[PDB]
Amino acid sequence: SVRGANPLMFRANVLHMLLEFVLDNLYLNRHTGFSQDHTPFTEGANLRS
Amino acid sequence: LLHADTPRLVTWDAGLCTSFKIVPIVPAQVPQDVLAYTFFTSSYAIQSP
Amino acid sequence: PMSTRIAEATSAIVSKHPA
Amino acid sequence: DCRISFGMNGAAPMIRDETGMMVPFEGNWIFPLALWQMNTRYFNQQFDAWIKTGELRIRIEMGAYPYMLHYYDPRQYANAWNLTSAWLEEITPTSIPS
Amino acid sequence: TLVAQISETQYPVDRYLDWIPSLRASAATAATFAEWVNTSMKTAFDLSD
């Protein structure tokens, strides 16, 4: 069945999915500049672009 | 053994770090009789987070 | 450039007339 | 913050005081101008008829503003709503006109 | 003398006009304003270098 799955491998497949979810979050955030606000919604705030 | 493949350790993300998005499912009834459409911020094309 | 960054950060929040 | 609630079934619409109360569209008010600049389209669509006819007066605080002077013959009828509404429409979040 | 008026700077000269509204000037905004002061004085005193 395309719409079916065996309940006896739920734990194994869920924790393999957790492994891939960790391995796709292996990066470093990079500094990408800022710009001083000109509209008065947030006074003096520097927003990342 | 003589020369092995090097791994790619340093990888850089320039976007924003997240993993949980927010998705709408059913559209809100923006034309309705009991409340005029001038209440909603969708009528003025004010974008919302 | 800074002019496009400022113009983008202020063109994010606009609002138009209702129909 | 100033959040406008409409009044269902003939009740007057109300806007929230800084203290926490909610008042109808009457009396003397005090705004900062950044308040009006935040959502000017919604604010003037709620406030046009109340400024034009009702006994609503608004004091908008600037400090500084450039001005413009128009003259009228005092022996002839003259209404300033076209100019005042033109200013209140041409105001925008990034700038003000004269 | 001109940058100490619009920005937050320790340097005291009279803090003179304050009733006119302004904003907390960033390094980029102060750099723009200082460039305008620069090219204004160069244009006034007939300089090109």
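Every number here is computed from the coordinates shown, using simple stated rules; none is lab data. We place every Cβ from the backbone using ideal geometry, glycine too, and count neighbours over all the protein chains shown.
Normalised by the empirical 2.2 N^0.38 Å for globular proteins, what value does the Cα Rg of the range D:4-55 take? Each step should come with its number before you reach the end.
Details: Rg = 11.3 Å, N = 52, 2.2 N^0.38 = 9.9 Å.
With N residues counted in the range D:4-55, Rg over 2.2 N^0.38 Å equals 1.15.
Mean per-residue shielding of peptide D:35-44 is 3, counting Cβ atoms of other chains within 10 Å of each Cβ. Computed per residue of chain D from DSSP H runs no shorter than four, each worth -39500 (n - 2.57), the mean residue ellipticity at 222 nm is -8500 deg cm²/dmol. What the Cα atoms of chain B give is an Rg and a Dmax of 23.8, 78 Å. With respect to chain A, whose longest principal axis is taken over its alpha-carbon atoms, helix A:10-23 is tilted by about 30°.
Counting Cβ atoms of other protein chains within 10 Å of each residue's Cβ and taking the mean over peptide A:38-49 gives 6. The relative contact order of chain E comes to 31 percent, based on Cα pairs under 8 Å that sit 6 or more residues apart. Each listed q (0.20 Å⁻¹) maps to a log10 I(q)/I(0) for chain D from the Debye sum over equal C-alpha point scatterers, namely -1.16.
May I ask you to list the residues of the range B:1-41 whose amide nitrogen lies under 15 Å from a point 7 Å from Cα along the Cα→beta-carbon direction of A:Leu26? So the set is B:5-13. For chain D, the longest principal axis of the Cα atoms and the long axis of helix D:40-52 meet at an angle of about 80 degrees. Label reach from B:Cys17 (point 7 Å along Cα→C-beta): in the range A:15-37, amide nitrogens under 19 Å belong to A:19-34. DSSP assigns beta bridges within the protein assembly as shown; of those with both partners inside it, close to 50 percent run antiparallel. Does chain A come out rounded, prolate or oblate by the C-alpha gyration tensor, with a ≥ b ≥ c the root eigenvalues, rounded set by a/c under 1.5 and, if not, prolate when a/b is larger than b/c and oblate if not? Prolate shape, in that a/c is at least 1.5 and a/b is the bigger ratio. Label-point separation (nm) for D:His70 and D:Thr53, each offset 7 Å from Cα along Cα-to-Cβ? Taking the simple label geometry, D:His70 and D:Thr53 are separated by 2.3 nm.
Rounded to the nearest 10 degrees, what's the angle between the helix D:81-90 long axis and the longest principal axis of chain D, both from Cα atoms, 0 to 90? Orientation of helix D:81-90: about 70 degrees from the principal axis. Neighbour counting of Cβ atoms within 10 Å sorts the residues D:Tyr72, D:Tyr67, fewest neighbours leading, into D:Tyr67, D:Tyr72.
Taking every DSSP beta bridge that has both residues in the range D:1-85, what percent is antiparallel when rounded to the nearest 5? Present the calculation step by step, with values, prior to reporting the outcome.
On the way: 4 of 10 bridges.
That works out to approximately 40 percent antiparallel.
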